[PDB]
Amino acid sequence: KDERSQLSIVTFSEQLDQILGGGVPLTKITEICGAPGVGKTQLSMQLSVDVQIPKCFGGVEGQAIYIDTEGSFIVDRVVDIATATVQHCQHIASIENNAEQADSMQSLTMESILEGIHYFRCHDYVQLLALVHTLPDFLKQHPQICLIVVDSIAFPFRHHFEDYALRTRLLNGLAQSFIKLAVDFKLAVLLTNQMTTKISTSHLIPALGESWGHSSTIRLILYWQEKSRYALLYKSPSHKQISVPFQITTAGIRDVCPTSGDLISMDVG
């Protein structure tokens, strides 16, 4: 309805922003799946930075919540991405020569970007439910928050749950909780997910079973092909099935060439 509910968070890869519909959409759930090292945490860090891009540079100019359940949030890496994002905005302000942009760069620093990343560390799945349930009290106090990252949603639930049906309603309780948070506070919910195998040539599938992923609007699979990273659009409202190449540099998520990359694939129909 309002103009905030239709905004999107850029990934700094335009090829990625295409298949996402302009970026990671607010008020929806976006899911990132992939083998280790493919870039789930890299994309999570990038979005936590990109959501803070000021509106005079075309950004949402919000803040981020980073819920880290694996412990792979090394702040020295975020400094890399934050530095590069500020340098990119500084470049725009210099090319476009607008006075408001030059004013934004006065307060747009790597440190301010770090200050816009609210960080929560969960060690077990019980701490995650306790945090999600106390989030409304926190978000009402920080209404400028436009992004919630859970990195990852899968890791706390890989234990030997004796009642997998209990794990299922645990995951669906969270999926309903994140959908409600996404609409009620008009922020993007980014969930990262691990891959697992299936025996009954073994192949990889997203974790948490077939009961998981229904409440996710967009689902991406990051994967390697030769020595190149790719993002397969697994689930989307457009129903199209696309793969786009991207890369991960010291600056963060970027397009592989400026510019290059396109495939087609689809489903019935």
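Throughout, we count residues from 1 along the sequence that is shown.
TODO: Scan the PDB entry between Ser200 and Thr201 and report the missing deposited residues as one of none, 1 to 3, 4 to 9, 10 or more.
DONE: 4 to 9 residues are missing.
- [ ] Please work out which of 224-232 and 52-60 has the higher mean CA B-factor as recorded in the PDB entry.
- [x] In the deposited entry, the stretch with the higher C-alpha B-factor mean is 224-232.
Task: Which of 121-129 and 166-174 has higher mean CA B factor, as the PDB entry lists it - done: Mean CA B-factor is higher for 166-174.
Task: Among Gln144, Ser94, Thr83, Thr134 - the residue whose C-alpha B-factor is largest in the record - done: The record points to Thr134.
- [ ] Among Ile9, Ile248, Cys257, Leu16, single out the one with the highest C-alpha B factor in the record, please.
- [x] When the deposited C-alpha B-factors of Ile9, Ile248, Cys257, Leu16 are compared, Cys257 is largest.
- [ ] Please rank the C-alpha B-factors of the chain's modelled residues and tell me whether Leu43 sits in the lowest, middle or highest third.
- [x] For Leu43, whose C-alpha B-factor we compare with every modelled residue in the chain, the answer is the lowest third.
Open item on the list: Ranking every modelled residue in this chain by its Cα temperature factor as given in the entry, which third contains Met110?
Closed with: Ranked within chain, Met110 CA B lands in the lowest tercile.
Task: Record-listed C-alpha B factor of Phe185: chain third - done: Top third by C-alpha B-factor.
Open item on the list: What third of the chain does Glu210 rank in for C-alpha temperature factor, lowest, middle or highest?
Closed with: As the PDB entry reports it, the C-alpha B-factor of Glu210 lands in the highest third of its chain.
TODO: Could you tell me which third, lowest, middle or highest, the C-alpha B-factor of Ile32 occupies within its chain?
DONE: Its C-alpha B-factor, which the entry lists for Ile32, ranks in the middle third among residues of this chain.
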